[PDB]
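Here are the chains, one letter per residue:
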Amino acid sequence: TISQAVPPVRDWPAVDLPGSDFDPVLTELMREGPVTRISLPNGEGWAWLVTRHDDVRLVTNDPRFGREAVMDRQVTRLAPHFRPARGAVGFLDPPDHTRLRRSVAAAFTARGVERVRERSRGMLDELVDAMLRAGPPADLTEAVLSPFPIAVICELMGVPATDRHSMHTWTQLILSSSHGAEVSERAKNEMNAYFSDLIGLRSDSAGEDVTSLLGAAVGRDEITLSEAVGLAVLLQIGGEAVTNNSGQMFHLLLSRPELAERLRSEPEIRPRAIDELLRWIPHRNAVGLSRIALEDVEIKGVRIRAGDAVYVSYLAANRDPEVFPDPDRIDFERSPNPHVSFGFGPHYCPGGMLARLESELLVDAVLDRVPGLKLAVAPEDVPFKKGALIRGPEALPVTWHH
Ligand code: HEM
């Protein structure tokens, strides 16, 4: 009937945001309408953006949107660099995506990750023992939040004990140290070779650790060795997400003492509280990886054309006022909490249950074992990551009673 003009293309420059402050450009986009168009610093052209919870679920779960097609051009994006390997799980669609996710799914369910909870709680107690022994102050990130997710994933992956410190080092060197280009990709090569060998060796394993599952799937020709190794590396270095996210968690718990006080007074609410924190924390800068409309799709009266790129903002979806009344309020009692901090659809985060487990153990040890714990700097003086994809502290200086 009546033409509905397309939205203006909104430029979305890379900006370093303080602490956990919400992106005001994303707020602007949320206020503009459910369907907007954006231009990011890198790649070319524009992309659709959806911000409402229902539209985000549609775009991420509907078969009419595809990931492989994203590598057919230079879609506008935040990251300077793009498309490493084209076997990367992120860029696969259900001809092949499903095989790869299925091969390890069992280790990452609630029941799957529960298998490493006691060992993980022990490893965390070791780290905290050491921090207490050294005495205050400490950088909680360096002392605890950084090493713990790596220890846990080593255990879940089934890395032989004598190789786990090599794993730590490799993980630290990969894309997150200094010595750009060279040491990172050499560490990546070593880790690749390592997992190629371990998974290869486990070609007929009935083990239930992740590398055994990968090895067995490779052995039954469900996936190739190359696919298995790539995924193994992604999973192995994925814990940095928990390091960053839990860093924001404790930054919040310490800068807003009432939250910490609630979790000490009512320990029973900690799982729900963690979910609320996961909902609220602005985990990333801007948006991540788009999907291509494989056929024309109408969203809120807007015609998304086949070939167009479409982004979702999980961050925005987690502040959807209809789904989350008073969305900017951190409410640990929040009634239903259907957040999409771990994404949605086939590409939903494999590590979500693992991240909740890690966060629950972390909150327990840090809130229960550090007497008089507080920030050692003003909240606004905690350094947060600049030029980042995933937001979070560079360091989290804390102090307490020795
Ligand atoms: C609280 C911490 C974490 C958060 C907030 C998080 C969030 C996310 C999000 C938003 C996505 C994208 C979903 C999409 O493409 O639509 C994702 C993907 C992914 N995450 Fe995480 N993640 C976390 C921890 C982890 C950990 C610890 C691991 C490693 C076990 C991991 C492994 C992955 C993988 C492999 C993918 C790609 C999945 C696929 O495309 O099939 N994540 N994550």
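Residues numbered from 1 in each chain as written, not as in the entry; some residues may be left out. Heavy atoms only, no water.

Method of structure determination, per the deposited record: X-ray crystallography was used for this entry, reaching 1.760 Å resolution.

Please give an account of the nonpolar core that cites residues and values.
By size, the foremost hydrophobic cluster in this structure holds 82 residues, and its most contacted members are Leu140, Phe195, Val210, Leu214, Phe250, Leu277 and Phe332. A total of 9 residues in this core trace back to one element, the largest contributor, which is helix α16 (residues 352-369). Among all residues touching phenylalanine 250, those that are not within four sequence positions of it are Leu140, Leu145, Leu362, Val363, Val366 and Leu396. (Core = buried A, V, L, I, M, F, W, Y, C linked by side-chain atoms within 4.5 Å. Buried < 20%, exposed > 50% of the residue type's maximum accessible area, 1.4 Å probe, protein only. Helix = DSSP H or I, 4+ residues; strand = E, 2+ residues; numbered from the N terminus. Contact = heavy atoms within 4.5 Å.)

Tell me about the coordination of the iron atom of the ligand, residues and numbers included.
Coordination of the iron atom of the ligand by the protein involves just one donor, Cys349 (SG), at a distance of 2.4 Å. Mapped onto the fold, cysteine 349 is located in the loop between α15 (314-317) and α16. (Donors = N, O, S within 2.8 Å, 3.2 Å for Na, K, Ca; no water.)

Which residues make up the pattern of salt bridges, and what values go with them?
Applying the stated rule across the entire model yields 27 salt bridges. Two residues, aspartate 55 and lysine 300, come together in a salt bridge whose shortest N-O distance is 2.6 Å. Separated by 245 residues along the polypeptide, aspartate 55 in helix α2 (residues 53-61) and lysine 300 in the loop between β7 (297-299) and β8 (302-304) bring together distant segments of the chain. With a relative accessible area of 3%, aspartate 55 lands in the buried category. The exposure class assigned to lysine 300 is partly exposed, which follows from its relative accessible area of 39%. Salt-bridge contacts for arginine 99 lead to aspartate 96; the nearest nitrogen and oxygen are separated by 2.7 Å. (Salt bridge = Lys/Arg side-chain N within 4 Å of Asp/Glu carboxyl O.)

Please give an account of the sheet that holds strand β3 (residues 47-50) that cites residues and values.
With mixed pairing, 6 strands are arranged side by side in an open sheet as β1-β2-β3-β9-β6-β4. Each of the sheet's edge strands pairs with one partner strand only, and the pair in question is β1 (9-11) and β4 (65-66). The strands touched by α2 within the sheet are β3, β4, β6 (291-293) and β9 (309-312), with β9 carrying the most contacts at an inclination of about 130°. (Pairing = 2+ DSSP bridges. Axes fitted to C-alpha atoms, helices over the stretch in contact; angles between N-to-C directions.)

Tell me about the site of the ligand, and please be specific about residues and values.
Around the ligand sit 23 residues, and of these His97, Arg291, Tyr314, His347 and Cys349 come closest. Between the ligand and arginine 67, the relevant distance is 2.9 Å, taken from an oxygen atom to a side-chain nitrogen or oxygen of the residue. One of the side-chain nitrogen or oxygen atoms of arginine 291 is found 2.7 Å away from an oxygen atom of the ligand. When contributions to the shell around the ligand are tallied by element, the ones reaching two or more residues are α3 (97-108) and α12 (240-255). Tallied by class, the residues present in the shell around the ligand amount to 11 nonpolar, 9 polar and 3 charged. (Near = heavy atom within 4 Å. Polar contact = N/O pair within 3.5 Å; in protein donor to acceptor, adjacent residues only side chain to side chain. Nonpolar A, V, L, I, M, F, W, Y, C, P; charged D, E, K, R; others polar.)

Please set out the UniProt feature "binding site: heme" in the protein chain residue by residue, giving values where relevant.
As recorded in UniProt, the sites labelled "binding site: heme" are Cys349. Assessed through its relative accessible area of 28%, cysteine 349 is described here as partly exposed. Non-local contacts of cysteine 349, meaning those with residues more than four positions away in its chain, are made with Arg101 and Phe342. (UniProt positions renumbered as here; feature names shortened; annotations may be inferred.)

Now, about the pairing of β3: what can you tell me, with residues and values included?
Of the two faces of β3, both are covered, the one formed by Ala47 and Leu49 as well as the one formed by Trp48 and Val50. Across 4 bridges, strand β2 (residues 35-39) lies against β3 in antiparallel orientation. Paired with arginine 37 across the bridge in β3 is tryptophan 48. Bridge analysis of β3 against β9 gives 3 bridges, and the strand direction is parallel. Paired with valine 50 across the bridge in β9 is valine 312.

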